[PDB]
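Asker: Give me coordinates for this.
(chains A, B, C, D, E and F)
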Amino acid sequence: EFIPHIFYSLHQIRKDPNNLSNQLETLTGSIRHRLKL
Amino acid sequence: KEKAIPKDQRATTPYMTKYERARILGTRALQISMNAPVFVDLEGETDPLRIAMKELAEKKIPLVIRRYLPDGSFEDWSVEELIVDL
Amino acid sequence: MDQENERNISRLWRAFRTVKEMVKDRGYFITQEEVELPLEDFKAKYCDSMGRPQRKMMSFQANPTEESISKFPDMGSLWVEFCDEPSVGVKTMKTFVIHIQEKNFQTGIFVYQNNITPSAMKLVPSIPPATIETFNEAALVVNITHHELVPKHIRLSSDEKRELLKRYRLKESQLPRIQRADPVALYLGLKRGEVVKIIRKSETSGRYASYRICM
Amino acid sequence: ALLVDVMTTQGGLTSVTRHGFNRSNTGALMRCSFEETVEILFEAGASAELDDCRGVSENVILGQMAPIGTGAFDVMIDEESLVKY
Amino acid sequence: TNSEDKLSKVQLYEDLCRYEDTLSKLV
Amino acid sequence: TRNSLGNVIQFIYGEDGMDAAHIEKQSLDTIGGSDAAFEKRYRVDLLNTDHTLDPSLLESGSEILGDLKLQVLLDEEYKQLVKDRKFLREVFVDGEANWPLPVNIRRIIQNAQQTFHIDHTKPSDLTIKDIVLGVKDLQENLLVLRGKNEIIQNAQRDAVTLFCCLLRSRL
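Answerer: Numbers count the residues shown, from 1 in each chain, chains lettered A, B, ... in the order given. Sharing the structure here:
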């Protein structure tokens, strides 16, 4: 399953941009992983 | 003809040694220098060794290497099917 | 209790343990507990009231395991007997030979203390297909196979010998050879024309296997 | 490793001298090549010894091509590929 | 060869395509 | 390796069948070091907080945590490393680590890092399955002897044992 994970990661992006760049980069990498699969 | 090994039961390396390479180049250079037909598109070369290398590059030398096992049997490998490192 | 008594007792116990190790290594069935018998039990059993070592009660018969029989169908029972006399006479050797023959044993081990008369050893090869092998007591105190420089040897069956000979495409006179008087050959009891495999360590590949033939 | 394996391959310690190598089973000319020529020739004659002419020295004496590297194989012509062209 | 042509014919293929493009722009 | 009469002197040249000019000094990292350093360096655990992978290293670090097949594979790998340590300490009782061997793996890895301009500040898109299976397959594709009976198979594994040990050590 990639659809709910994409949704959720999308929402903690749009909820907390104030996270340090580390979390943003890691989470974007996670979304790139899910759409790659 | 009992010595010859069937093609399926060939258990020698599929790469060609430096000794086989030098022997093949020497034989081909001699044959070219004795006015043998050339199988490739010669382009401005006048040295039999370089034309031998050129023919080797496109894998067009029509020779076969026979490899002698210690007991006396032998294994036949065409020059076309031998992998040459570069 | 003079010191020489317990010195000789300890050396004899050492030789007994070494002989048991050898018999186990020849493919026979020997328990680990029997190999590790402490010297106190040895003194309790194989010594009289005066502490004299009663060698004559130590003779025993051993039989091959299931695995050895499967690998070597021809292998049979073995008998081992000690001799009390400082020198073995002709009559004692004849009695031992007759005992082995009537027991119909394929091989026997005769351990002597100091010396054997030439007429006694005249009878050694006179009982085919039985084999008689002698081991001087002073040479069995320490197990040779337990040294660091001695690699591990294994014996090969007829089928394994044939398969190796075919696969390497060889005739038996081109393999490396090992003599009969070689101590490990006596230990394993190799006859003429038998192939022994060697496993060894190597700086370049870790483990390496060689082969040799008994000539 | 090779030197040690050669020295102890006959079941015993074979020294690198005439007594160890020139008393081996190798070819007559090979053995007579160094240090005991005439006596080895005499003994080979008296025992009717057969030489096989496969070592390097026997192919150097007879002026032929030893099986050494480039000489370990034969070069032959393939008719199928030649006709295919 | 006609398989990919049929796959490109249905809209949701283009949908996943520009969705991938949009995430590429976002990254 | 034979002679003019055909007698075998060695069943393989050098016991590994390698040319003498393709061999350089390389260090086996499994032999030396205390058990704590070994455990920290080579052990990975997806269920214990002590020995987890930091999710900022692996691109899929978030989802992999808590899986079952992955930890089984990692356990097999760690058992292999332990057996390798035991064997290597059996061979070299002095505890030395530098021995001559073929292929300089350090230079190959450095070339891979230099050529692709790899930036360490970003997550990598690798997969544990892919790494383990790739290393095992590469071991499967190392050949010196090309027989077919069991004898040649045993000889070839015996030949390539130590190199496989180093390869497992580095990757």
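Asker: For chain E, which segments count as helices?
Answerer: Secondary structure of chain E, counting by DSSP state H: helices at E:2-9, E:11-26.
Asker: Return the helix or strand containing residue F:139 as PDB; C-alpha atoms alone will do.
Answerer: Per DSSP states H and E, residue F:139 falls inside helix F:128-140. Taking Å, rounded to 0.1, in the frame of the first residue of the first chain, the C-alpha atoms of helix F:128-140 are listed here in PDB:
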ATOM      1  CA  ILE F 128      18.500  -4.400   2.600                       C
ATOM      2  CA  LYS F 129      17.100  -7.200   0.400                       C
ATOM      3  CA  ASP F 130      19.100  -5.900  -2.500                       C
ATOM      4  CA  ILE F 131      22.400  -5.500  -0.600                       C
ATOM      5  CA  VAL F 132      22.300  -9.000   0.900                       C
ATOM      6  CA  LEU F 133      21.200 -10.700  -2.300                       C
ATOM      7  CA  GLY F 134      23.700  -8.800  -4.400                       C
ATOM      8  CA  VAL F 135      26.600  -9.800  -2.200                       C
ATOM      9  CA  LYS F 136      25.500 -13.400  -2.100                       C
ATOM     10  CA  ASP F 137      25.100 -13.500  -5.900                       C
ATOM     11  CA  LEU F 138      28.500 -11.900  -6.400                       C
ATOM     12  CA  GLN F 139      30.000 -14.600  -4.300                       C
ATOM     13  CA  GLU F 140      28.100 -17.100  -6.500                       C
END
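Asker: Show residues contacting the helix or strand following it.
Answerer: Where DSSP H and E defines the elements, the next helix or strand beyond helix F:128-140 is helix F:150-170. Applying C-beta atoms under 8 Å, 6 or more residues apart in numbering or on different chains, the contact partners of helix F:150-170 are C:163-164, C:167, C:204-209, F:11-12, F:15-17, F:26, F:28-30, F:80-81, F:84, F:87-88, F:99, F:101-103, F:105-106, F:109, F:135, F:138-139, F:142-147. Heads up, the C-betas are built off the backbone N, CA and C, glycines and all.
Asker: Please enumerate the helices of chain A.
Answerer: So, for chain A - with DSSP H - the helices run A:3-15, A:21-36.
Asker: most neighbours per residue, which of those helices?
Answerer: helix A:21-36 (a mean of 16; mean count of other C-beta atoms under 10 Å in any protein chain shown).
Asker: quick check, that one touching chain F?
Answerer: Yes - counting by C-beta under 8 Å from any C-beta of the partner chain, chain F has neighbours in helix A:21-36: A:22, A:25-26, A:29-30, A:32-33, A:36.
Asker: and chain E, which of those reach it?
Answerer: Among the residues of helix A:21-36 next to chain F, chain E is touched by residue A:32 when using C-beta under 8 Å from any C-beta.
Asker: Which one of the residues of helix A:21-36 next to chain F is nearest to chain D?
Answerer: residue A:36 (48.0 Å; C-beta to the nearest C-beta).
Asker: Pull up the gap between the nearest residue to the closest one once chain neighbours are set aside and residue F:61, please.
Answerer: Distances taken as C-beta to C-beta, 6 or more residues apart in numbering or on different chains put residue F:125 closest to residue A:36, at 7.5 Å, once the chain neighbours are dropped. To residue F:61, residue F:125 is 11 Å away according to C-beta to C-beta, to the nearest Å.
Asker: and if you look at residue E:10?
Answerer: 35 Å.
Asker: May I have the residues that are in contact with the closest residue to residue F:85 other than its chain neighbours?
Answerer: Closest residue to residue F:85 apart from its sequence neighbours, by C-beta to C-beta, 6+ apart: residue F:30 at 5.0 Å. Applying C-beta under 8 Å, 6+ apart, one finds that residue F:30 lies in contact with F:38, F:81, F:84-85, F:88, F:165, F:169.
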